[PDB]
Amino acid sequence: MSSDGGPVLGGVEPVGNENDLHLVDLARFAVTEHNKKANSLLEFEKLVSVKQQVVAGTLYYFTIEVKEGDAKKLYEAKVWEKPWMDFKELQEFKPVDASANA
């Protein structure tokens, strides 16, 4: 006995458990989509975790790791899907190699 209101009450929530086929789909999708317009470049190894943010839709910060060429690191796969209209579109899945501040 325990239930009241949706399992949502905030934003930026940590998650993971590849057990969620959907979650992985996003990360695995990124590498794919990317390999499409990039004719491939790296080799996805697996998924570490994934977050979720609420805004103009449904955002998820996937933190997977892939071995690029002769290297290995983690790429932040960010996807934006919409249930109200069952949609989705890869935003970018990379460790974001850039440093700035203003």
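Residues numbered from 1 in each chain as written, not as in the entry; some residues may be left out. Heavy atoms only, no water.

Regarding how it was determined, this PDB entry cites solution NMR in its header.

Size it by volume and the largest pocket reaches roughly 180 Å³. If you trace the largest pocket, you find it lined by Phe29, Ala30, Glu33, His34, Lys37, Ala38, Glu89, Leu90, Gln91, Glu92, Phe93 and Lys94. At the level of secondary structure, the elements contributing two or more residues to the lining of the largest pocket comprise α1 (21-37) and β5 (90-94). Each residue belonging to the lining of the largest pocket can be placed in one class, and the counts come to five nonpolar, two polar and five charged. (1 Å grid on protein atoms, 1.4 Å probe; cavity = no way out; pocket = protein on both sides within 12 Å on 5 of 7 lines; lining within 4 Å. Points joined across faces, edges and corners; volume = space filled by probe spheres on them. Helix = DSSP H or I, 4+ residues; strand = E, 2+ residues; numbered from the N terminus. Nonpolar A, V, L, I, M, F, W, Y, C, P; charged D, E, K, R; others polar.)

Here we come to the UniProt feature "domain: Cystatin" in the protein chain. Following the UniProt record, the feature "domain: Cystatin" maps to residues 10-97 here. With 19% helix and 47% strand, residues 10-97 has its two end C-alpha atoms placed 29 Å apart. (UniProt positions renumbered as here; feature names shortened; annotations may be inferred.)

All right, on to the sheet that holds β5 then. Strand order in this open sheet of five strands is β1-β2-β3-β4-β5, and the pairing throughout is antiparallel. Every interior strand has two partners, whereas the edge strands, β1 (13-15) and β5, have only one. Between one strand and the next, the sheet's axes are offset by a mean angle of 25°, whatever the strand orientation. Bridge count between strand β3 (residues 58-68) and strand β4 (residues 73-81): nine bridges; the pairing is antiparallel. (Pairing = 2+ DSSP bridges. Axes fitted to C-alpha atoms, helices over the stretch in contact; angles between N-to-C directions.)

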